[PDB]
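*Asks:* Quick check, what structure comes out for this input:
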Amino acid sequence: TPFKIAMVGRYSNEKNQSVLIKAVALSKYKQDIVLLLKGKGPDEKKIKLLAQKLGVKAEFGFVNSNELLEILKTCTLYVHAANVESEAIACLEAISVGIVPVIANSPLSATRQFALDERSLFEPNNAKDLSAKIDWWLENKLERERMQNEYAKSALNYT
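*Replies:* Numbering: from 1, shown residues only. Please find the structure below.
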């Protein structure tokens, strides 16, 4: 599978892994995407089953601060789907190493500040919008690579 897309964080209603699972189910490139949904929490079984039901490729399990770096090495995109108002440690670490994010434009969520432009934002819970945003990045390797470097620079500034 060529495109790995990560979301790291608690499996919870607040983090909304489900919108990302549905976005991949809706993607023009569904077959070419694997979601790396890393964490622990009350929704673990629900989202495992959702990915199976929808035919979405996903890899679960938990990662500590060290192991996340290894995973990010391999990622094509990072998605922070959270509505509330959530820790975004992994999102900041993703952009720091030069991975383009797509982040929920939650007006309560401070994480949306990391987006450099609208191509890296999606409307909260809007699975079709997230799907379109992901597909655009997958279609645009050259611009994705350019933006990776812009993200690494912006992340440094934030830290």
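
*Asks:* ranges for the strands of this protein?
*Replies:* For the chain, the strands defined by DSSP state E occupy 3-8, 33-38, 57-59, 77-80, 101-104, 121-122.

*Asks:* Quick check: closest non-adjacent residue to residue 25.
*Replies:* Closest residue to residue 25 apart from its sequence neighbours, by Cβ to Cβ, 6 or more residues apart in numbering: residue 54 at 4.2 Å. Heads up, the C-betas are built off the backbone N, CA and C, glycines and all.

*Asks:* Same question for residue 121.
*Replies:* residue 105 (4.4 Å).

*Asks:* burial count for that neighbour?
*Replies:* 16 (other Cβ atoms under 10 Å).

*Asks:* Wait, it touches residue 120, no?
*Replies:* No. If you go by Cβ atoms under 8 Å, residue 105 and residue 120 don't touch, sitting 9.7 Å apart.

*Asks:* how about residue 152, what does it touch?
*Replies:* 95-98 (Cβ atoms under 8 Å, 6 or more residues apart in numbering).

*Asks:* No further questions, thank you.
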